[PDB]
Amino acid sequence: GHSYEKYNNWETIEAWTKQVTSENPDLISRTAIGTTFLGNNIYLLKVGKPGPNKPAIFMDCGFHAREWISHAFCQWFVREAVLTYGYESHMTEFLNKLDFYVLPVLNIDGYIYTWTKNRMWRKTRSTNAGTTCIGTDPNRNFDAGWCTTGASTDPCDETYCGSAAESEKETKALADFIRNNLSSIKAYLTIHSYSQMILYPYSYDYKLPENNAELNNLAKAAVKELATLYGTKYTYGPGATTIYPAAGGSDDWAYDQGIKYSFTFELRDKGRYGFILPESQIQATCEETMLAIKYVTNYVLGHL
(Lines of atoms letter the chains of each structure in order from A and count residues from 1; the text may use other names and numbers.)
(Lines give C-alpha, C1' and ligand atoms only; values in the text may rest on other atoms or scores of the structure.)
Protein backbone atom coordinates (compact mmCIF):
# COMPACT_ATOMS: atom_id res chain seq x y z
CA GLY A 1 0.00 0.00 0.00
CA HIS A 2 0.91 3.68 0.03
CA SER A 3 3.43 4.92 2.55
CA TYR A 4 4.85 8.44 2.95
CA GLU A 5 7.95 6.77 4.26
CA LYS A 6 8.66 4.77 1.15
CA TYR A 7 8.89 5.33 -2.58
CA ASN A 8 5.61 4.51 -4.25
CA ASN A 9 5.11 3.40 -7.85
CA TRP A 10 2.79 5.25 -10.17
CA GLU A 11 -0.14 2.93 -9.65
CA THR A 12 0.04 3.66 -5.95
CA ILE A 13 0.58 7.39 -6.38
CA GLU A 14 -2.38 7.69 -8.74
CA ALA A 15 -4.65 5.80 -6.31
CA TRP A 16 -3.30 8.01 -3.52
CA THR A 17 -4.31 11.22 -5.38
CA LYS A 18 -7.86 10.04 -5.45
CA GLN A 19 -7.84 8.73 -1.88
CA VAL A 20 -6.26 11.74 -0.14
CA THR A 21 -8.62 14.07 -2.01
CA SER A 22 -11.46 11.71 -1.07
CA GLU A 23 -10.53 11.79 2.65
CA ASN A 24 -10.02 15.56 2.71
CA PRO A 25 -12.62 17.17 0.36
CA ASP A 26 -12.51 20.25 2.56
CA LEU A 27 -8.83 20.93 1.79
CA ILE A 28 -8.19 19.27 -1.52
CA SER A 29 -9.62 18.94 -5.01
CA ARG A 30 -8.12 17.06 -7.92
CA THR A 31 -7.95 17.58 -11.66
CA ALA A 32 -5.69 16.68 -14.52
CA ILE A 33 -3.89 19.37 -16.54
CA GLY A 34 -3.14 17.03 -19.42
CA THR A 35 -2.05 13.56 -20.44
CA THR A 36 1.44 12.15 -21.08
CA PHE A 37 2.84 10.72 -24.27
CA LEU A 38 1.71 7.37 -23.06
CA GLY A 39 -1.76 8.49 -22.01
CA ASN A 40 -1.25 8.75 -18.27
CA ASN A 41 -3.08 11.56 -16.41
CA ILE A 42 -1.06 14.46 -15.15
CA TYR A 43 -2.83 15.10 -11.83
CA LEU A 44 -2.89 18.38 -9.99
CA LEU A 45 -3.98 18.71 -6.38
CA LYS A 46 -5.33 22.04 -5.32
CA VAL A 47 -4.55 22.22 -1.61
CA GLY A 48 -6.36 24.78 0.47
CA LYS A 49 -9.62 25.92 2.02
CA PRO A 50 -11.71 27.00 -0.96
CA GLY A 51 -12.55 30.67 -1.39
CA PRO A 52 -13.13 33.27 -4.14
CA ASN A 53 -10.16 34.85 -5.89
CA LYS A 54 -7.33 33.42 -3.78
CA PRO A 55 -3.68 33.72 -4.76
CA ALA A 56 -1.76 30.52 -5.38
CA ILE A 57 1.60 28.92 -5.19
CA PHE A 58 2.49 26.34 -7.77
CA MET A 59 4.72 23.37 -6.98
CA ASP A 60 5.66 20.40 -9.08
CA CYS A 61 7.69 17.30 -8.49
CA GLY A 62 9.00 14.48 -10.67
CA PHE A 63 10.35 16.46 -13.61
CA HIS A 64 13.20 13.99 -13.85
CA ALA A 65 12.27 10.34 -13.62
CA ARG A 66 15.09 8.99 -11.44
CA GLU A 67 14.93 11.65 -8.75
CA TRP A 68 12.55 9.71 -6.57
CA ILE A 69 12.83 11.86 -3.40
CA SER A 70 11.25 14.64 -5.46
CA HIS A 71 8.05 12.67 -6.01
CA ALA A 72 8.17 11.64 -2.38
CA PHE A 73 8.23 15.21 -1.15
CA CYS A 74 5.05 16.33 -2.99
CA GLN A 75 3.13 13.55 -1.32
CA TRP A 76 4.67 14.44 2.03
CA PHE A 77 3.77 18.09 1.62
CA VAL A 78 0.14 17.28 0.88
CA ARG A 79 -0.21 15.08 3.94
CA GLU A 80 1.47 17.60 6.21
CA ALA A 81 -0.92 20.22 4.90
CA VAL A 82 -3.96 18.18 5.77
CA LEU A 83 -2.45 17.01 9.09
CA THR A 84 -1.42 20.33 10.50
CA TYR A 85 -4.25 22.45 9.20
CA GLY A 86 -6.06 23.72 12.25
CA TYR A 87 -3.26 22.42 14.45
CA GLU A 88 -0.29 24.49 13.27
CA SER A 89 -1.01 28.19 12.97
CA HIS A 90 1.20 28.96 9.97
CA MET A 91 0.02 26.18 7.73
CA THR A 92 -3.52 27.03 8.83
CA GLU A 93 -3.08 30.64 7.75
CA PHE A 94 -1.50 29.47 4.50
CA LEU A 95 -4.33 27.22 3.46
CA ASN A 96 -6.86 29.81 4.48
CA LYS A 97 -5.32 32.64 2.51
CA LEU A 98 -3.96 30.89 -0.57
CA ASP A 99 -3.95 27.69 -2.55
CA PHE A 100 -1.11 25.31 -3.31
CA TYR A 101 -1.19 23.72 -6.72
CA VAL A 102 0.71 20.58 -6.17
CA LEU A 103 1.61 18.58 -9.19
CA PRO A 104 2.94 15.31 -7.70
CA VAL A 105 4.46 13.78 -10.86
CA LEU A 106 4.96 15.59 -14.15
CA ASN A 107 7.03 13.06 -15.98
CA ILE A 108 4.88 10.02 -15.20
CA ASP A 109 6.05 7.96 -18.16
CA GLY A 110 9.67 8.27 -17.25
CA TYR A 111 8.86 7.54 -13.62
CA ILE A 112 7.15 4.26 -14.49
CA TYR A 113 10.16 3.34 -16.58
CA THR A 114 12.54 3.84 -13.63
CA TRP A 115 10.43 1.28 -11.82
CA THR A 116 10.05 -1.18 -14.72
CA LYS A 117 13.24 -1.07 -16.76
CA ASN A 118 15.86 1.48 -15.93
CA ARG A 119 16.26 3.13 -12.55
CA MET A 120 18.52 5.80 -13.95
CA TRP A 121 16.16 7.05 -16.68
CA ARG A 122 15.72 10.87 -16.66
CA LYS A 123 13.71 12.01 -19.65
CA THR A 124 10.17 11.58 -20.91
CA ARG A 125 9.45 8.48 -22.96
CA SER A 126 8.36 9.98 -26.31
CA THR A 127 9.67 8.78 -29.68
CA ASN A 128 11.87 10.88 -31.91
CA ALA A 129 12.00 11.24 -35.70
CA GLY A 130 15.02 9.62 -37.36
CA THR A 131 16.29 7.63 -34.35
CA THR A 132 15.34 4.94 -31.88
CA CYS A 133 16.61 7.02 -29.00
CA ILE A 134 13.81 7.90 -26.58
CA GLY A 135 12.75 10.91 -24.62
CA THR A 136 13.15 14.65 -24.13
CA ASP A 137 14.51 16.35 -21.04
CA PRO A 138 11.39 18.15 -19.88
CA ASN A 139 13.54 20.77 -18.20
CA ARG A 140 15.16 21.67 -21.46
CA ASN A 141 11.84 21.84 -23.34
CA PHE A 142 10.41 25.15 -22.10
CA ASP A 143 10.44 28.30 -24.18
CA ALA A 144 13.25 30.03 -22.36
CA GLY A 145 16.27 30.64 -24.56
CA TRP A 146 15.22 27.19 -25.71
CA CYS A 147 18.11 24.87 -26.76
CA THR A 148 20.72 27.64 -26.85
CA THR A 149 23.03 26.34 -24.14
CA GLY A 150 23.55 23.44 -21.75
CA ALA A 151 21.17 21.35 -23.84
CA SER A 152 21.66 18.80 -26.57
CA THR A 153 20.19 18.54 -30.07
CA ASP A 154 20.90 14.85 -29.95
CA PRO A 155 17.83 12.78 -28.96
CA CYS A 156 20.20 10.20 -27.49
CA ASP A 157 21.46 12.60 -24.86
CA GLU A 158 19.86 12.97 -21.44
CA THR A 159 19.62 16.75 -21.88
CA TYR A 160 17.90 16.49 -25.31
CA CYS A 161 15.90 19.67 -25.69
CA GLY A 162 13.07 18.30 -27.89
CA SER A 163 12.07 18.92 -31.51
CA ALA A 164 10.75 22.34 -30.47
CA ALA A 165 9.83 24.19 -27.29
CA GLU A 166 6.87 22.49 -25.57
CA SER A 167 7.04 19.67 -28.13
CA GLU A 168 6.28 17.40 -25.19
CA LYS A 169 2.71 16.87 -24.03
CA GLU A 170 3.76 17.09 -20.40
CA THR A 171 5.58 20.39 -20.73
CA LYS A 172 2.97 21.97 -22.99
CA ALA A 173 0.39 20.93 -20.45
CA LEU A 174 2.29 22.59 -17.62
CA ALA A 175 2.97 25.75 -19.64
CA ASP A 176 -0.69 25.92 -20.68
CA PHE A 177 -1.95 25.60 -17.15
CA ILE A 178 0.37 28.31 -15.89
CA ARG A 179 -0.51 30.79 -18.64
CA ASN A 180 -4.21 30.15 -18.06
CA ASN A 181 -3.77 30.83 -14.37
CA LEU A 182 -1.12 33.51 -14.49
CA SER A 183 -3.06 36.11 -12.52
CA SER A 184 -3.35 33.96 -9.41
CA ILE A 185 -0.07 32.04 -9.35
CA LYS A 186 2.41 34.09 -7.32
CA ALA A 187 5.29 31.70 -7.00
CA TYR A 188 6.66 28.74 -8.88
CA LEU A 189 8.52 25.95 -7.11
CA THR A 190 9.94 22.92 -8.85
CA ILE A 191 11.40 20.06 -6.88
CA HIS A 192 14.50 18.17 -7.99
CA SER A 193 17.42 16.17 -6.60
CA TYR A 194 20.18 16.05 -5.89
CA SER A 195 22.73 18.77 -4.91
CA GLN A 196 21.16 20.52 -1.92
CA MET A 197 20.57 23.83 -3.67
CA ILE A 198 18.04 26.54 -4.07
CA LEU A 199 18.35 28.03 -7.50
CA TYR A 200 16.65 30.96 -9.20
CA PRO A 201 16.96 32.48 -12.70
CA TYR A 202 18.66 32.73 -14.89
CA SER A 203 20.10 29.51 -16.22
CA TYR A 204 19.58 30.01 -19.96
CA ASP A 205 21.82 33.07 -19.78
CA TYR A 206 24.31 34.76 -17.45
CA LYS A 207 21.97 37.74 -17.00
CA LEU A 208 20.26 38.37 -13.67
CA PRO A 209 16.59 38.95 -12.85
CA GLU A 210 15.60 42.52 -11.95
CA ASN A 211 14.67 41.31 -8.46
CA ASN A 212 17.94 39.45 -8.18
CA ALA A 213 18.67 40.89 -4.73
CA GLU A 214 15.25 39.98 -3.43
CA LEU A 215 15.45 36.43 -4.83
CA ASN A 216 18.92 35.97 -3.36
CA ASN A 217 17.94 37.13 0.14
CA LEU A 218 14.82 34.96 0.11
CA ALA A 219 16.84 31.93 -0.97
CA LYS A 220 19.37 32.77 1.71
CA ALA A 221 16.74 32.98 4.41
CA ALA A 222 15.13 29.79 3.15
CA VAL A 223 18.38 27.85 3.26
CA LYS A 224 18.78 29.00 6.84
CA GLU A 225 15.35 27.82 7.94
CA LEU A 226 16.07 24.51 6.28
CA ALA A 227 19.33 24.10 8.19
CA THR A 228 17.68 24.63 11.57
CA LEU A 229 16.41 21.08 11.73
CA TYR A 230 19.34 18.80 10.99
CA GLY A 231 22.03 21.19 9.91
CA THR A 232 21.74 20.05 6.30
CA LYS A 233 23.69 22.57 4.24
CA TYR A 234 22.25 24.07 1.09
CA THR A 235 23.84 26.45 -1.31
CA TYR A 236 21.98 29.08 -3.39
CA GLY A 237 22.06 31.43 -6.32
CA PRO A 238 21.38 32.00 -10.04
CA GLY A 239 21.26 28.68 -11.87
CA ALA A 240 23.81 29.70 -14.49
CA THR A 241 26.66 30.41 -12.06
CA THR A 242 25.47 28.20 -9.20
CA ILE A 243 25.47 24.86 -11.01
CA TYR A 244 25.65 25.38 -14.77
CA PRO A 245 24.19 27.16 -17.81
CA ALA A 246 21.06 25.42 -19.09
CA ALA A 247 18.35 26.68 -21.39
CA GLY A 248 14.69 25.71 -21.61
CA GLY A 249 14.06 25.24 -17.89
CA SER A 250 10.62 25.77 -16.36
CA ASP A 251 11.81 28.04 -13.53
CA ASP A 252 13.29 30.56 -15.94
CA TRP A 253 10.24 30.27 -18.16
CA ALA A 254 7.84 30.84 -15.28
CA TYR A 255 9.80 33.87 -14.17
CA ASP A 256 9.68 35.41 -17.62
CA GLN A 257 5.91 34.96 -17.63
CA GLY A 258 5.91 37.42 -14.71
CA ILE A 259 5.97 35.10 -11.70
CA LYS A 260 8.54 36.94 -9.58
CA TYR A 261 9.32 34.14 -7.19
CA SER A 262 10.72 31.15 -9.04
CA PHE A 263 12.92 28.49 -7.54
CA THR A 264 14.32 25.11 -8.43
CA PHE A 265 14.86 22.97 -5.31
CA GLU A 266 17.60 20.36 -5.37
CA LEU A 267 17.15 18.14 -2.32
CA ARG A 268 19.43 15.55 -0.66
CA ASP A 269 22.02 14.57 -1.02
CA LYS A 270 25.41 15.70 -2.30
CA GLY A 271 26.51 12.45 -3.87
CA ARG A 272 26.95 9.68 -1.31
CA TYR A 273 23.77 8.07 -2.52
CA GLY A 274 22.70 10.57 -5.15
CA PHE A 275 19.48 9.57 -6.93
CA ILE A 276 19.11 6.41 -4.93
CA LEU A 277 18.55 8.14 -1.60
CA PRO A 278 17.69 5.46 0.98
CA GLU A 279 14.05 5.43 2.09
CA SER A 280 15.30 5.86 5.71
CA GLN A 281 16.18 9.38 4.66
CA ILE A 282 12.79 10.36 3.28
CA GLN A 283 11.24 11.72 6.45
CA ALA A 284 14.23 13.81 7.46
CA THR A 285 14.68 15.22 3.94
CA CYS A 286 11.00 16.14 3.66
CA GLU A 287 10.68 17.64 7.13
CA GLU A 288 13.59 20.02 6.63
CA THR A 289 12.37 20.88 3.14
CA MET A 290 8.96 21.81 4.53
CA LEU A 291 10.58 24.57 6.55
CA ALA A 292 12.07 26.12 3.43
CA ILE A 293 8.79 25.78 1.50
CA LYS A 294 6.79 27.28 4.35
CA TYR A 295 9.22 30.16 4.75
CA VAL A 296 8.85 31.06 1.08
CA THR A 297 5.06 30.72 1.28
CA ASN A 298 4.98 33.07 4.26
CA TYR A 299 7.18 35.58 2.38
CA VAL A 300 5.04 35.44 -0.76
CA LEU A 301 1.98 36.00 1.41
CA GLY A 302 3.32 39.25 2.80
CA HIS A 303 4.37 40.46 -0.64
CA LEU A 304 1.16 40.15 -2.60
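Each residue number is its position in the shown sequence, starting from 1.
K.L.:
If you average the CA temperature factors over each stretch, which comes out higher, 202-210 or 140-148?
P.N.:
Mean B over CA atoms: larger for 202-210.
K.L.:
For the higher mean C-alpha B factor in the entry, choose 228-236 or 122-130.
P.N.:
The entry gives the higher C-alpha B-factor average to 228-236.
K.L.:
Given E168, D157, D109, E88, identify the residue with the highest C-alpha B factor in the PDB entry.
P.N.:
Among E168, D157, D109, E88, the highest C-alpha B-factor in the entry belongs to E88.
K.L.:
Going by the entry, which of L103, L189, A173, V223 has the most elevated CA B factor?
P.N.:
In this record, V223 carries the highest C-alpha B-factor of the candidates.
K.L.:
Using the temperature factors of the C-alpha atoms in this entry, rank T114 within its chain: lowest, middle or highest third.
P.N.:
CA B-factor rank for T114: lowest third.
K.L.:
Lowest, middle or highest third of the chain for the C-alpha temperature factor of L218?
P.N.:
For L218, whose C-alpha B-factor we compare with every modelled residue in the chain, the answer is the highest third.
K.L.:
Could you look up the Cα B-factor of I178 in the entry and say which third of the chain it sits in: lowest, middle or highest?
P.N.:
Middle third of the chain for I178's C-alpha B-factor.
K.L.:
Report the third (lowest, middle or highest) to which the CA temperature factor of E266 belongs, ranking only the modelled residues of the same chain.
P.N.:
According to the entry, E266 has a C-alpha B-factor in the chain's middle third.
K.L.:
Considering every modelled residue of the chain and its Cα B-factor in the PDB entry, is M197 in the lowest, middle or highest third?
P.N.:
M197: CA B-factor falls in the middle third of its chain.
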